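Data block below; observations after.
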Amino acid sequence: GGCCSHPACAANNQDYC
């Protein structure tokens, strides 16, 4: 989760997702 609420993070780092 974490920054995965922000497309910026979720689109570039799916490892947190």
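Every residue gets a Cβ built from N, Cα and C, even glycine.
Sequence-distant contacts of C9 (disulfide bond), defined as residues of its own chain at least six apart whose C-beta falls under 8 angstroms from its C-beta, comprise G2, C3, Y16. According to DSSP, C9 (disulfide bond) is assigned to a helical segment. What Swiss-Prot lists as disulfide bond is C3-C9 (among others).
In the three-state DSSP scheme, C4 (disulfide bond) is classed as helix. Annotated disulfide bond per Swiss-Prot: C4-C17 (among others), in sequence order, evidence recorded as a large-scale study or a structure entry.
The sulfotyrosine feature in Swiss-Prot is assigned to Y16; the stated evidence is experimental evidence. Within 10 Å of the C-beta of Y16 (sulfotyrosine) we count 11 further C-beta atoms, all protein chains included.
For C17, the entry in Swiss-Prot reads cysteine amide. Under the DSSP three-state reduction, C17 (disulfide bond) is assigned to coil, being neither helix nor strand. Counting Cβ atoms from all protein chains shown, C17 (disulfide bond) has 12 others lying within 10 Å of its own Cβ.
Counting Cβ atoms from all protein chains shown, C3 (disulfide bond) has 13 others lying within 10 Å of its own Cβ. Within the same chain, residues at least six positions away from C4 (disulfide bond) with a Cβ under 8 Å of its Cβ are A10, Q14, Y16, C17.
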